[PDB]
There are 2 protein chains.
Amino acid sequence: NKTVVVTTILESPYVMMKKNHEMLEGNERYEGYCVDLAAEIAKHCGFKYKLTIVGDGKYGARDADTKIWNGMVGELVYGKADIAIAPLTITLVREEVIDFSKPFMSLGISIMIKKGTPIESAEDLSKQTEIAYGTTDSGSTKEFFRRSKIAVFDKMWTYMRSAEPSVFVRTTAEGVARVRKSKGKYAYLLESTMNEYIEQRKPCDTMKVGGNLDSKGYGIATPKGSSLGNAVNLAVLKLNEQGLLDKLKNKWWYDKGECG
Amino acid sequence: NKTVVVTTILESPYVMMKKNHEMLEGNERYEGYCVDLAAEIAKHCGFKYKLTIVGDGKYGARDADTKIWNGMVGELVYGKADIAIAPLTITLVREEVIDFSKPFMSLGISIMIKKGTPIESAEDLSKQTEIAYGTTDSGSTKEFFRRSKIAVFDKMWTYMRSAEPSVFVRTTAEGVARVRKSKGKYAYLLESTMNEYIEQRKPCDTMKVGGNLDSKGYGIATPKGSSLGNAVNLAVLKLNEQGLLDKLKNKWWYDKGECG
Ligand SMILES: N[C@@H](Cn1oc(=O)[nH]c1=O)C(=O)O
Ligand SMILES: N[C@@H](Cn1oc(=O)[nH]c1=O)C(=O)O
């Protein structure tokens with residue numbers, strides 16, 4: 001038995017530094033949905049682990065020129081980590097290089113606006129220019145727009161890829177800050193899960209509008225051929241069946257919601 | 001290359017006999033969401049196939065005494081079929097004996113009532129006796145209640161397992177007929193997907209109430225170790241990414257909805 005190296009990302013409310021993190025060591029420094037999930041998975045699979053934050057702060061994308069994978073995906077591909085326990089979207093391109101457990105959370109791409117912004121759908125965004133809109137870099141949302149053959153999403157892609165100044169952000173935190181400080185002139189395309197969490201955080205000035213653009217899920221990832229995959233997949237199914245995953249979502253999204 | 005034997009179930013709107021089925025042969029006799037899905041999967045994976053309806057008309061459950069698997073699950077386990085393309089729920093007990101692709105549809109257990117029935121939640125059902133309620137036999141919904149540790153669902157299970165006359169039905173069709181003919185005295189616990197489909201079918205006398213009890217998905221299943229699994233999983237992800245699965249749901253649930 002060896003300590004399993006877990007790669008994850010600082011993304012609220014999945015993994016966050018505890019307020020008193022300076023007083024603590026190792027795994028105890030962190031808290032969140034994925035921190036709780038990691039503890040449950042490890043217990044069910046019988047392994048000890050070490051939580052580590054992805055070096056480049058990215059989810060995972062492959063460079064067009066170099067063909068090299070970055071982010072958490074890259075850490076699994078190059079063997080820097082043994083497993084990824086984070087809001088990592090199950091996609092075809094990633095499934096080609098790493099393995100995923102069945103989903104532990106269901107979600108879809110959505111729109112976040114500053115309250116009062118006159119936008120109710122992706123269709124609305126695509127038909128105008130005054131309100132800028134973008135996505136996070138190196139993730140599944142940007143890749144969705146890049147590869148979409150659907151007219152509305154492709155129209156949106158053509159605008160976003162050449163928009164000036166850049167409409168892309170490095171992290172969810174940056175996109176949220178841009179929505180909040182742009183006086184309604186910036187809308188942010190992000191996963192419904194993040195959108196719903198932020199909607200319940202002070203200053204309660206944002207909101208999710210329209211239906212989700214797609215239906216997909218987050219999965220726990222392991223390098224291809226990992227001996228860990230099977231047990232991890234069964235653990236996820238068990239936790240879902242026990243209602244534990246639902247309990248964890250309520251805990252981190254709503255029980256402590258700050259917007260009444 | 002050999003013809004792949006597909007096991008499926010006659011369940012609207014997934015697989016149904018075409019009205020003019022007598023005039024047709026083989027795969028052409030059927031139509032529906034899963035019929036369309038099977039054609040797409042076969043095309044993407046490069047195989048020819050034969051659609052067959054599960055002999056016992058069941059989804060799949062293991063006998064407590066004999067330990068023998070029935071339904072579509074049983075057909076894969078005993079090698080009577082090469083793959084299952086139907087609304088087969090991904091569960092822990094099934095994952096122990098067969099393989100599943102990532103989900104092609106997202107859903108949850110829900111409540112179906114005859115319009116006007118004074119029930120808005122599972123909590124409501126559990127606190128009364130006048131309105132009987134049950135589930136389909138040999139499926140994931142009955143197993144959910146049987147294994148639940150959650151107070152409300154366990155209370156519901158204790159009532160259902162000993163209710164008289166029996167509250168369990170053999171098929172969705174039977175449960176729907178019971179809801180419709182029981183004058184509000186029977187509520188039916190079934191997957192949200194089936195519930196939403198029936199809600200748009202004449203005589204438009206049923207409705208889904210409350211939130212879903214859980215969050216899970218349907219997957220394409222193959223016997224353990226099947227050489228088909230990998231390609232099938234990637235095909236499902238591709239179809240989802242192209243928006244084809246969403247298009248298919250709209251086609252079979254709403255485009256031809258009969259309730260305005
Ligand atoms: N879970 C996403 C990361 N990301 O979060 C969003 O909200 N959009 C986006 O791309 C991924 O795995 O790439
Ligand atoms: N998809 C279910 C079958 N079934 O359909 C429902 O609506 N409930 C139920 O158990 C299964 O795979 O067992």
Side-chain angles (χ1 to χ4, degrees), chain A residues 9 11 14 54 57-61 70-73 84 86-91 93-94 100 105 107-112 134-146 168-169 171-173 175-176 188-198 212-214 216-219 221, chain B residues 9 11 14 54 57-61 70-73 84 86-91 93-94 100 105 107-112 134-146 168-169 171-173 175-176 188-198 212-214 216-219 221:
Chain A
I9 188 157
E11 181 72 274
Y14 310 91
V54 61
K58 299 181 166 75
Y59 278 91
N70 60 34
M72 292 181 283
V73 177
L88 191 63
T89 307
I90 299 164
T91 69
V93 294
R94 291 176 179 165
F100 283 98
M105 208 175 261
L107 60 306
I109 292 170
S110 62
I111 300 171
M112 170 187 291
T135 74
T136 306
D137 282 321
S138 320
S140 56
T141 299
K142 186 172 177 181
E143 178 66 8
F144 170 91
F145 284 101
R146 174 183 290 117
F168 302 106
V169 299
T171 62
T172 302
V176 174
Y188 185 31
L189 291 143
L190 79 171
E191 291 165 346
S192 54
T193 40
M194 281 72 148
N195 206 348
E196 293 163 343
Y197 164 73
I198 299 296
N212 290 351
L213 276 42
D214 57 8
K216 55 207 182 180
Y218 295 149
Chain B
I9 188 157
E11 181 72 274
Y14 310 91
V54 61
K58 299 181 166 75
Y59 278 91
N70 60 34
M72 292 181 283
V73 177
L88 191 63
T89 307
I90 299 164
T91 69
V93 294
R94 291 176 179 165
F100 283 98
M105 208 175 261
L107 60 306
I109 292 170
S110 62
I111 300 171
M112 170 187 291
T135 74
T136 306
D137 282 321
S138 320
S140 56
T141 299
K142 186 172 177 181
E143 178 66 8
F144 170 91
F145 284 101
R146 174 183 290 117
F168 302 106
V169 299
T171 62
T172 302
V176 174
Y188 185 31
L189 291 143
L190 79 171
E191 291 165 346
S192 54
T193 40
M194 281 72 148
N195 206 348
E196 293 163 343
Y197 164 73
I198 299 296
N212 290 351
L213 276 42
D214 57 8
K216 55 207 182 180
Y218 295 149

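Residue numbers begin at 1 in each chain, while the letters A, B, ... track the order of the sequences. As the structure lists them, so they are numbered: ligands from 1, and atoms in each ligand from 1.
Nearest approach of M72(A) to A86(A), heavy atoms of both residues: SD-CB, 3.5 Å. The two residues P87(A) and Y59(A) make their nearest non-hydrogen contact at O-CE2, 3.3 Å. Of all non-hydrogen atoms in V54(A) and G71(A), the two that sit nearest each other are CG2-C, 3.5 Å.
The ring-ring contact (aromatic ring centres under 6.0 Å, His included) check on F100(B) picks up nothing, with sequence neighbours excluded. By the salt bridge (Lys or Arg N to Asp or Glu O under 4.0 Å) test, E11(A) pairs with no residue at all, sequence neighbours left out. Remark: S110(B) pairs with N195(B) by the side chain to side chain donor-acceptor pair (under 3.5 Å) rule, at least two apart or across chains.
Among protein residues, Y59(A), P87(A), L88(A), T89(A), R94(A), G139(A), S140(A), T141(A), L190(A), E191(A), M194(A), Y218(A) come within 4.0 Å of ligand 1, judged on heavy atoms.
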